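Visitor: With the input below, show me the fold.
(4 chains)
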Amino acid sequence: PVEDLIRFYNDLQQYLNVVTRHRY
Amino acid sequence: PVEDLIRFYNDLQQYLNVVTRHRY
Amino acid sequence: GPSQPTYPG
Amino acid sequence: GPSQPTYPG
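Guide: Numbers count the residues shown, from 1 in each chain, chains lettered A, B, ... in the order given. Below, you will see the structure:
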């Protein structure tokens, strides 16, 4: 749910960094 | 796709902010 | 949740 | 995309 997303979105910023291998 | 998600994700910061009125 | 329905997350 | 399968998104 959106509440669990509060504690996932913050860490998820790192997941997107892996996906793009930090090449935004 | 992940490509669009890069753009969306950064702007999505506002959505999470609305859902909880920035009361993180 | 709120009075409004679900969202695309 | 990569060799890895779908991620949970």
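Visitor: Test my guess that residue A:6 contacts residue B:17.
Guide: No: between residue A:6 and residue B:17 there is no contact under Cβ atoms under 8 Å: 10.6 Å. All C-beta spots, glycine's among them, are computed from the backbone N, C-alpha and C.
Visitor: Kindly report the residues of chain A close to chain D.
Guide: By Cβ under 8 Å from any Cβ of the partner chain, the residues of chain A that approach chain D are A:15, A:19.
Visitor: Chain A against chain B: which residues are in contact?
Guide: So chain A meets chain B at A:2, A:5-6, A:9, A:13, A:16, A:19-20, A:24 (Cβ under 8 Å from any Cβ).
Visitor: Please apply the same query to chain C.
Guide: Contact residues (Cβ under 8 Å from any Cβ) of chain C with chain B: residue C:7.
Visitor: neighbours around residue A:15, how many?
Guide: By the criterion of other Cβ atoms under 10 Å in any protein chain shown, residue A:15 has 14 neighbours.
Visitor: Also residue A:2?
Guide: Residue A:2 has 15 nearby residues by other Cβ under 10 Å.
Visitor: need the contact list for it.
Guide: Going by Cβ atoms under 8 Å, 6 or more residues apart in numbering or on different chains, residue A:2 touches B:16, B:19-20, C:1, C:7, C:9.
Visitor: swap in residue A:5?
Guide: By Cβ under 8 Å, 6+ apart, the contact set of residue A:5 is B:16, C:9.
Visitor: so where does it fall, helix or strand?
Guide: helix A:2-19 (DSSP states H and E).
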